[PDB]
Structure formats: C-alpha cells, structure tokens
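A closer look at the structure
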2 protein chains.
Amino acid sequence: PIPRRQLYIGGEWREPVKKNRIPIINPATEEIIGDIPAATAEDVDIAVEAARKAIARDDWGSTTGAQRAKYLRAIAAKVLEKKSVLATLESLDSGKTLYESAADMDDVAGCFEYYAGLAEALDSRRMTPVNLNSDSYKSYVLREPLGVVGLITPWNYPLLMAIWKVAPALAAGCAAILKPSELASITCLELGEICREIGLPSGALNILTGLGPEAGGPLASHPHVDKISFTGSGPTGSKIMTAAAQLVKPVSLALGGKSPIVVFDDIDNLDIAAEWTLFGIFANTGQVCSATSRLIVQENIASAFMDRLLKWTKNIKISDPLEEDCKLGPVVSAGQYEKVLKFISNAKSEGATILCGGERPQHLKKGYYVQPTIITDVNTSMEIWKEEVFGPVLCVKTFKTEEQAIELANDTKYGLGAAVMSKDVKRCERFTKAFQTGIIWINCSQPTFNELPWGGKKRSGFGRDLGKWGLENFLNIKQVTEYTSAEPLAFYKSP
Amino acid sequence: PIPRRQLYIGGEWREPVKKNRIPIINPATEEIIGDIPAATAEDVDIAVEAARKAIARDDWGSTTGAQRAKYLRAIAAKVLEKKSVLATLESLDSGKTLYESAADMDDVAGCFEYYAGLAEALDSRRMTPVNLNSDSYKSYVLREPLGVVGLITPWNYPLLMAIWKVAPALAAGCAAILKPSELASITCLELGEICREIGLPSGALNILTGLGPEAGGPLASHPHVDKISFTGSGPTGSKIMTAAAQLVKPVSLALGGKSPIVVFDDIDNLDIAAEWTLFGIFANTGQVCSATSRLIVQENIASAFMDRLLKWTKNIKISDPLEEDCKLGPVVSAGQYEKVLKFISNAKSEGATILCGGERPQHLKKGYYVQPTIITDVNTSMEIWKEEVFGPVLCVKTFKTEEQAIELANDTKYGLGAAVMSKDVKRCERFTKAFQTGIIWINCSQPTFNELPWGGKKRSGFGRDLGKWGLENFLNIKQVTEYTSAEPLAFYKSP
Ligand SMILES: NC(=O)c1ccc[n+]([C@@H]2O[C@H](COP(=O)([O-])OP(=O)(O)OC[C@H]3O[C@@H](n4cnc5c(N)ncnc54)[C@H](O)[C@@H]3O)[C@@H](O)[C@H]2O)c1
Ligand SMILES: NC(=O)c1ccc[n+]([C@@H]2O[C@H](COP(=O)([O-])OP(=O)(O)OC[C@H]3O[C@@H](n4cnc5c(N)ncnc54)[C@H](O)[C@@H]3O)[C@@H](O)[C@H]2O)c1
Ligand code: NA
Ligand code: NA
C-alpha cells in the first residue's frame, strides 16, 4: 500500500505551489506504483520561512538538548513500531532487499538513539571554560545551534542517509530542510508523518521532495540557509558548493569512491575473506559509496581466492527484493541500469575479461537486474579501474610486494574507504597510514558504528558525518572573552 | 634597509619563471621603497611540486609532532631575535605603528610557541580508541597530516595573519604554500629567510608573493592542493570557493565584519569604556576584521559618553608610524584611502553628521592619513551602517531598551565579533546568546588568546582559526575498524 503525501512544511502537510508531482517507479517491475510531490523555488522559501520561525519560537529555539532528545527517542520508537511497512516501502522504492531494508530500519532508530544521548550531554558542554595565562581576562567557548540547515540526500539508503544528517541537526538544535532523492522519497515523507505523530515542533523538520535542480538548488542559493549538508555524486557537490560560494555559505561534501580491498596470502580463512569481498561490492547491488570495488589480491592466493569468490558469487540469489532469502535486487532506475551495463561493456571494448556475470539474469524478464560481475585482466588506464560504477561490479588486480599493493590501492582520484585483509599486525598498521582515505577496515569490509567519523579525502570530499563530528557540524562556536580588571587598557593617551 | 628576495620554494630562493615583480609602496610617504616577486601559475606548480616532495620525503613526511615543534620554537626564537627590524619593516610595509608592529611580533612568536606544544601533544592523540558495544569489532580514530595546503592571507597583520595558518599547518605536519597580500609581503618573505636560518625541511613552507588572481588563483584550482585556508574579503572568498568547488576542494573562509559595541548606562567607568571603543575602531587605522564599527549606546549615557569619546579621539596622535608615541598611522594603500574617504563622503550625501574627523589631517602633506571619524545621525538603510569601511570610521546609534539594542546589534549581513559593555551579569549573558556572531567581548573590545576559536557566521564566513580547531583544520581524520571474530559474517549463502 503506497502512500500519497504532500510536502512537510511547518508541522502541516502542504501542497507544492505549482501542484507538480513526479512518479514513484518500482525497480523490480518497471511500473509506476505512485507519485511524490515535486517542490520548486517558491516551496523552498516557504520551508525556509517555516525553519526560521521554528528557530525564533520557544518550543524549538529555546529547547534544552534533553527536551530535543525526548523527540528523537520518540521518532526512533515510531520507526521501530512501523519497521515492517517502512522496510517493505524502502524495498519497493529503492530495490534494496527486505533484509537490508529492515537492517537500515534498525540502524535509523539506533542513530536517533545515539543523537538523543548526545543531545542530553550537549547541555553540559554548552559552556566550556578555557584556562588562560591572564589575571585580567576570563574565557570560555559557547556551543549553540547553527540555525537553518539544508539537508540534500541520495537514494541508496533513502531513510538512513537522510537520518545521518537529520538526527545530529535536530540533536544540535537546528531547524532542518530535508531534500531527499527523487528516486527514493517514500520513507522520508513517512518520516514527516512520524513527526506529526510524535508532535515535533513546527518547522523543526521540513521535508521537500522533488528534482535536484528544482528543490535542492534553491536551498543551496537561499540567503537564509546557514549551511548545506550534502551527500551524493561529485558533479552535484560541485554545483551545490559553486552556488553556496556566491552566498559564502558553508557546505559539507560526502561523495563517491573507488575503495580498494587488499588481500594478502596470510589469511586464516579463504571463505571468510571471500564473504567480506562479496559484501563490500555486491551488498546493496553494489550501490555503496565505500564499496570495495577494486580487489588487489596477492599472486600467491589469487588462484585459490578467485575460485571461492566465484563459487560464493554464483550462489548469490538474484530475485524480487520483497521475496524470501533474496541476496541481490535490481539497481534503483533505468538510467542507473544502462550506466552500469555501459561500464561492463566498456570493460570489454578496452580489453578486460568478464570472468563472472556481466549479463542480465536470464530468469527475470522485468526489472533492472544486473548479475554480480567480477572483471579481470584490468589495467590502471581503464574506466572500470578509474571510475565509480555504482553497480554490483568488481574489478580485480594482482600484486607481489607491499609497495606494489599500496601503489595500486592509492592509484585513484577517490579516497573514501579501504580494506586490508591480513594476519600481520604491523603490515595492517603500515596499510592504516599508507591508505590515502578516510576509512580503514581491518579484516572486513563495510561495517560502521555511529560513534565513528564517516568521510573521505581527495575526490570523496571533505567533512565528517557521525560521531560528535556529525553533531558539531550543526553547532555555531562562540568565543566568550570577558575583561575582569579595574585598570585601563593603557593604549591611547587619556584626555 | 628594505630587502630584495625571491620566491621561497623547496628550501631555496627561486626566481619567478616570468621574472615579474611588483612594487612595495610606503603608505606614510607614497614612495616606492622596493619590490617583491610576482609569482604566476607555473610558479604555483613548482611550489605544489616542492610541497608534494616534502610530504613524500622522510625529514617532513615522517616527522613526529615533537620534531616539528623543535622547528616552530626555532622560528619563534628568530622572530624574537630580529623583533626590531621586522617591526620596522611591517610598519614601513603596512602603515601600522611601530608599537602595534612590535606587538604583532610578540603575538607571532607566541603563536608558534602555542602550536609547538600542541604539536608535541599531537603525537599522544594520534591514536584515539573509541569503546563500542561490540565483542567482534575494535575501533579507533587516526589523526594525520592532511597533505598539501594553500595559505592565502591579508595585509592588515601581514606576518600575524599568515602565522595564524602557518603555525597550525606546520604543527599538524602539512606542507604549506603561503600566498600573502601584494600590499604587505616584506615580513612573509623574511619568514622564508628565518626558515633557511633554522634549516626547516624543504617544501615544508613555500612562500609565493604576487597578485591574487595570478598567484592565489592557481593555488585554488590546483588538483594537488588538499585544502585552501583563506582569510580576506567576501568577494574574494566567493571566487576562491567557486574555483575550489570544481575540484571539490575544502576551503575555510575568514571574512569581514560590521561588529557592534553595545554600551549600557550601568558602566563603572566612562573613561575605560570610551578607551575600549577607540581601540575597537581606531587601532590599526580601523583596518581590523572584528572592528566594533557600529556603537549602539544607551540614550541615558549617550550625551556623557560622546563627550569623553571625542575628547579621547581628538587626542589620538596621527603621524608617521615609525615616529615616537604615534597612535594612528596611514591606511595601507591609495585605493583603500579613496574607498574609505568615499564612505565618509557617502555618509554626508545620505544625511549623516560628521561629528569628528572625516577629513585629511592638515599637518601631513603626504601619505594616506585619514582622521579617526565618528559619524552620528545614522539610519539602518545607510551604506555606512550596512557595509565594512576598513578605515578609522565609527558610526553611532542610540537605543532605550534591551530588545532595541539586540535588534540594532544584529541588523547586519556580518557576524564576526561583538562587544557588550555592562555591569549586569545576566544582561551580559543574554547578549552572549542574542549576538548572532562568533566572538563576544564582555567589558572590552578586541583582545584574543591563541587558546580560543576565532571566526564568525553569516557573511563573516565559516570555520575556526586558533585553538585546537586551527590545528585540526590541517588533520585528515581516519576511522579504523578491525573485525576481531573467527565467525563468518552470516550474510550470503556459503557454497
Ligand atoms: N560519502 C558518503 O558518505 C556517501 C553516502 C552515500 C552516497 N554517496 C555517493 O552518492 C552517489 C549516489 O547518490 P545520487 O545518485 O543520489 O547522487 P546525486 O548527485 O545524483 O544526487 C544526490 C542528491 O542531490 C540532489 N541534486 C541533484 N542535482 C542537484 C542540483 N543541481 N542541485 C542541488 N541538488 C541536486 C538529488 O536530487 C539528490 O537528493 C554516489 O556517487 C555515492 O558514492 C556518498
Ligand atoms: N575573519 C578574519 O579573521 C579576518 C582577518 C583579517 C582580515 N579579514 C578581512 O580581510 C579583508 C582585508 O583583506 P584584503 O584586503 O587583503 O582582502 P582581499 O580579498 O583583497 O585579499 C586577501 C588575499 O587574497 C588574495 N586574492 C585576491 N584576489 C584573489 C583571487 N582572485 N584569487 C585568489 N586569491 C586572491 C590577495 O592577493 C590576498 O593575499 C577585510 O574584509 C577584513 O575584514 C578577516
Ligand atoms: Na523510485
Ligand atoms: Na605595500
């Protein structure tokens, strides 16, 4: 049962000014299952106005962190109450398996749980005295809500990616304007209903669905948006930051990757190593920012590892995401599907081997299904090696030495995550410093915790999500200097 | 004795490729006293190459914080050894009084002293374990040098503004490329000589003089500059950030202000309050970012306060900055001089009173001297009230209530500093939260400490200089997750 909602502005459901709507497409069946509102510039001004009013009123602009946490704990409780419907809708809306969708629903409530406790602790650290080598000055640092924040998010983890920004923004005390992806907005709109259901103060959270240049764009060039927190592709981040530059507006950039997985011959279990290699590149149909999309395996175990990988890979169940025991679903859209398959075909033109998958599963007549693909005979000058595919596609390379492995791992414009599979501690530490990234996985690929800073360097962007970082991004920092002497400054001659 | 240097690149003095030079102008005498090298795009590539090589070599890319601190403590010791020549040159080069120039020389050494100790402590907090609710995962945060950093700085505190970025960049372990203002580059180039004199590793610090679009510009669009730390005017920050957006490059923005000074009738000393009001708007010939350029005085004391202010003001000695007991010098350039006087004249056209100064001092035939100016009969729709003047110009307004005072204080596009002069504690706290800025001064205007976060919000930009913030800006943050279980992931069916 697909819901039909409006834009969530000022605590009420509000229709878009131009009355425009965009379809909801089912990636498993290529059918229109509904429609979402498509906001425009005028809608963004109404939502910024609603956000500014929330910041000026008492039930939001004057709340303690503890008061704000009561609300986040209540949003977590509704997510957990409706886990089954939300997980089904996230699945029907993004193509993600019901299992991953329910797993993202647990993660979402856990994120509000984390930011609830952090909002309660925020009241304590609001005032931080800093000792000085002065008998005339008194100093402290005042932490306060930054104000109006624009939250532009991607479709890969529709609710989860949004929540990474919503949970800390609200914890910090900001009034947010959430703009999710036009490919997966069902759960974000439902978040609006949860907020109505928990009585969240009006304008505290504003959810605006619609096209990126149409609804995301004006938020980036709005003179009353204190900050834009952006997650998505690099070319989009450029456009956003370029617009935010005109208004000297701060913007955070969480972008893509071509993260490497380095496996060395000293692995205790070839079956556990291959299972992590699968999860790092085929979970979420490969549509993961930190996906370990380049496998740099040692020549020694390369022969053994590839056999187990492909055995495990050919075992991945590709079916309808709502089905029982499904391990792989379709990609999000038709445009994504073609781009992904164009990458597989471009690897053929260039001279690479398609050792596994690469074609459409013969049993699924409808939907954007791509077989999990493992490509070999890959050189550094190839687009497959060079660029983020965002499909269940893995390219493979061999090495002999540590130096060779480092060299290959860092031969990328990206710098999000990296995984190092080895039993040698000091080699795992060497890789910890050599990896020109923001995330290092030791003896796994992909698990994260709220308590940790998420982000990259190079073409993967700047800024850190999660941890205390994710909350501090939405805090304005005040220097409070007080002069405590009766004595005059002594600079300037007295009349 | 004016020095004639080259560009400081890779530990050696290197000539600019195009052989171009730009003059050094004396603001007190309007004479060419020398020339500085004017770097171009090709020069920026050589310096980025030098910076990348320093990051790849052992004597810089492998140093401990303690090793880096030995160097900063040595740069501080040379600054203090040559205090007298550097202070004279800063004065001849910027127009700043020898007193303020020597005071900036003390501040500079103190800043390296602060960042030396912070570099020593950096080694300890390099690895930070974060406890988890997991018996299978182990996590910690790795802090490391960010890499190659571009440091674009203004002429108001030539050496001091540069040092605010140089001291933390070098403490953090980055290889910096310093680009100072073409109006005041004498001391920054001399910093190059100090670095030669202390044996600072090659490429660790690269100093590139020259025009902003010519030498600052390519640094902003260079693909191998990890981050741009920018201080200067808003329109410049736009151009820099717009260029950094193409390469999704992080950039910090320390911009201008129209900071208010709120004085209430409950002041214990009218003479101490007026002296701080002078220092906040006439020190450095008003060329201060955080200058308290708008005085919102209470109607009650307005009559009394203005008499003492003007009495103290008419007492300010305007002479040659190298002279004995000089309290005000000339503005930096001819272009600045005209812009500043155009503001004073624009206040006349608009309907304001020029209660004090506004004209050129009758006794100085040469130089860009402007009398300290106090303008009254000022309304909110006036450019004088609205925009940063960057001259010794103060505009004045009266109020009756707290609400009226807050309203006037925040009626600006800026948001750098703010000063509140009152004996009422809870009123000083109310103003602490109401002031829509990044710096609050209680019972003073302008003093800062290294230990404090410097920066603003709104049109004054984003990011924080100084404190641990200033060092963390130059640290890449790594998430280190390690899987410690023998058990398989359980996601994906085993073959
Ligand atoms: N670094 C991270 O933490 C992280 C997390 C998740 C996804 N990602 C990256 O996100 C990408 C997938 O997301 P996507 O396909 O939604 O990216 P995208 O760039 O197409 O769009 C992301 C969001 O920006 C909006 N948008 C598009 N054009 C815009 C414009 N002109 N102005 C303003 N907003 C605009 C979209 O509507 C959407 O909400 C991949 O590259 C992936 O690696 C990164
Ligand atoms: N917020 C702070 O902490 C702080 C501190 C000091 C000064 N300031 C602000 O700085 C301003 C005074 O400085 P200014 O006159 O040197 O400012 P500016 O904008 O004219 O230039 C600053 C620097 O940028 C360079 N630059 C100019 N155009 C450039 C371009 N196209 N690309 C790259 N670099 C370019 C200049 O050569 C110089 O080094 C005032 O507005 C003042 O309030 C702010
Ligand atoms: Na869709
Ligand atoms: Na000059």
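Preceding this paragraph is the structure being described.
Below: a short report on this structure. (Residues numbered from 1 in each chain as written, not as in the entry; some residues may be left out. Chains lettered and ligands numbered in written order. Heavy atoms only, no water.)

Quick word on the interface of chain B and chain A
- Each side of the interface is counted separately: chain B has 86 residues, and chain A has 86 residues.
- Between chain B and chain A, a total of about 7900 Å² is buried, with carbon and sulfur atoms accounting for 63% of that surface.
- The interface formed by chain B and chain A contains 2 salt bridges.
- The partner of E144(B) in a salt bridge is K457(A), with the nearest N and O atoms 3.9 Å apart.
- Our count for the contact surface shared by chain B and chain A stands at 40 residue pairs in polar contact.
- If you tally residues by element for the side of chain B that touches chain A, the top one is strand β20 (residues 475-483) of chain B, at 8 residues.
- Class assignment for the residues of the side of chain B that touches chain A results in 50 nonpolar, 16 polar and 20 charged.
- Pairing geometry for strand β18 (residues 439-442) of chain A and β20(B), over 4 bridges, is parallel. (Contact = heavy atoms within 4.5 Å. Buried area = accessible area lost by both parts, 1.4 Å probe. Salt bridge = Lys/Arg side-chain N within 4 Å of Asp/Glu carboxyl O. Polar contact = N/O pair within 3.5 Å; in protein donor to acceptor, adjacent residues only side chain to side chain. Helix = DSSP H or I, 4+ residues; strand = E, 2+ residues; numbered from the N terminus. Nonpolar A, V, L, I, M, F, W, Y, C, P; charged D, E, K, R; others polar. Pairing = 2+ DSSP bridges.)

Concerning the sheet that holds strand β20 (residues 475-483) of chain A
- Spatially, 10 strands are ordered β5(A)-β6(A)-β20(A)-β18(B)-β17(B)-β12(B)-β13(B)-β16(B)-β15(B)-β14(B) in an open sheet, and the strand pairing comes out mixed. Each end of this open sheet is capped by a strand with a single partner; those strands are β5 (127-130) of chain A together with β14 (353-356) of chain B. With strand direction ignored, the average angle separating the axes of adjacent strands in the sheet is 25°.
- Two strands pair when backbone bridges link them, and strand β13 (residues 294-298) of chain B and strand β16 (residues 393-399) of chain B are joined in this way by 5 bridges, in the parallel orientation. Note that in β16(B) the partner of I296(B) across the bridge is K397(B). (Axes fitted to C-alpha atoms, helices over the stretch in contact; angles between N-to-C directions.)

Some remarks on the site of ligand 1
Residues and elements named next belong to chain A.
- In the vicinity of ligand 1 lie 28 residues, with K179, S233, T236, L255 and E388 positioned nearest.
- At 3.4 Å, a backbone N or O of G212 approaches a nitrogen atom of ligand 1.
- Residue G232 places a main-chain N or O atom 3.5 Å away from an oxygen atom belonging to ligand 1.
- Protein chains bury 88% of the 860 Å² of accessible surface belonging to ligand 1 in isolation.
- The set of elements that each furnish at least two residues to the shell around ligand 1 consists of α8 (212-220), β10 (227-231) and α9 (234-246).
- The element contributing the most residues to the shell around ligand 1 is α8, with 4 residues.
- Split by residue class, the shell around ligand 1 holds 14 nonpolar, 11 polar and 3 charged.
- Formed jointly, the shell around ligand 1 draws a minimum of three residues from each of two domains, domain 1 (1-256 + 450-495) and domain 2 (257-449). (Near = heavy atom within 4 Å. Areas by Shrake-Rupley, 256 points an atom, 1.4 Å probe, with all protein chains shown as cover. Domains from an automatic or database assignment.)

Points about the packing of aromatic side chains
- Following the criterion strictly, the structure yields 34 aromatic pairs over all chains and no others.
- One aromatic cluster is present, formed by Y99(A), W276(A), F279(A), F449(A), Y137(B), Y483(B), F491(B) and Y492(B) through successive ring pairs.
- The ring centre of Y157(B) lies 3.9 Å from the NZ or CZ of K96(B), which sits over that ring. (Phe/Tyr/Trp six-rings, centres within 6.5 Å; stacked < 30°, edge-to-face > 60°. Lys NZ or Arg CZ within 6 Å of the ring centre and 35° of its normal.)

Overview of the pairing of strand β11 (residues 251-254) of chain A
Residue and element names in this part refer to chain A.
- Direction of pairing for β10 relative to β11: parallel, over a ladder of 4 bridges. Looking at β11, one finds that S229 is bridged to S252.
- As for the winding sense of the linkage, the β-α-β connection from β10 through α9 to β11 is right-handed.
- Inspection of the sheet shows β11 paired to strand β19 (residues 461-462) by 2 bridges, in the antiparallel sense. Residue pairing for β19: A254 is matched across the bridge by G461. (Right-handed = clockwise from strand over helix to strand, strands pointing away.)

Quick look at the relation of the copies chain B and chain A
- Of the two same-sequence chains, chain B is brought onto chain A (RMSD 0.0 Å, axial shift 0.0 Å) by a rotation of 180°. As the rotation angle and translation indicate, the two copies are arranged about a two-fold axis. When C-alpha positions in chain B are compared against the rotation axis, the closest is assigned to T242(B), at 2.4 Å. (Least-squares fit on C-alpha atoms.)

Some thoughts on unusual backbone geometry
Residue and element names in this part refer to chain B.
- Although it is not a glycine, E30 sits at a positive phi angle of roughly 55°.
- Mapped onto the secondary structure, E30 falls in the loop between β3 (21-26) and β4 (31-37).
- Taking relative accessible area as the criterion, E30 reaches 35% and is therefore assigned partly exposed.
- The phi torsion at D377 lies on the positive side, around 55°, for a residue other than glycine.
- Looking at where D377 falls in the secondary structure, it is placed in the loop between β15 (373-376) and α13 (383-386). (Buried < 20%, exposed > 50% of the residue type's maximum accessible area, 1.4 Å probe, protein only.)

Remarks on the environment of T437(A)
- Take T437(A): it is sitting in the loop between α15 (425-434) and β18.
- Between the C-alpha atoms of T437(A) and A418(A), which are 19 residues apart in sequence, the distance is 6.9 Å.
- Excluding anything up to four places from it in sequence, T437(A) contacts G415(A), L416(A), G417(A), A418(A), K457(A), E144(B), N476(B) and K478(B).
- Looking at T437(A), its side chain comes within polar contact range of the main-chain oxygen of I439(A), at 3.3 Å.

Notes on the packing of helix α6 (residues 158-172) of chain A against helix α7 (residues 186-197) of chain A
Residues and elements named next belong to chain A.
- One way to put it is that α6 packs onto α7 with a least axis distance of 7 Å and a crossing angle of 55°. As summarised for this structure, α6 and α7 are arranged oblique, according to the angle between their axes. Here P158, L159, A162 and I163 of α6 lie close against α7, whose contacting residues are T187, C188 and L191.
- Residues of the contact of α6 with α7, tallied by class, amount to 6 nonpolar, 1 polar and no charged. (Parallel < 35°, antiparallel > 145°, perpendicular 65-115°, else oblique.)

Quick look at the environment of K348(A)
- By secondary structure assignment, the location of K348(A) is in helix α12 (residues 334-350).
- The spacing of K348(A) and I375(A) is 27 residues in sequence and 9.4 Å in space, taken between C-alpha atoms.

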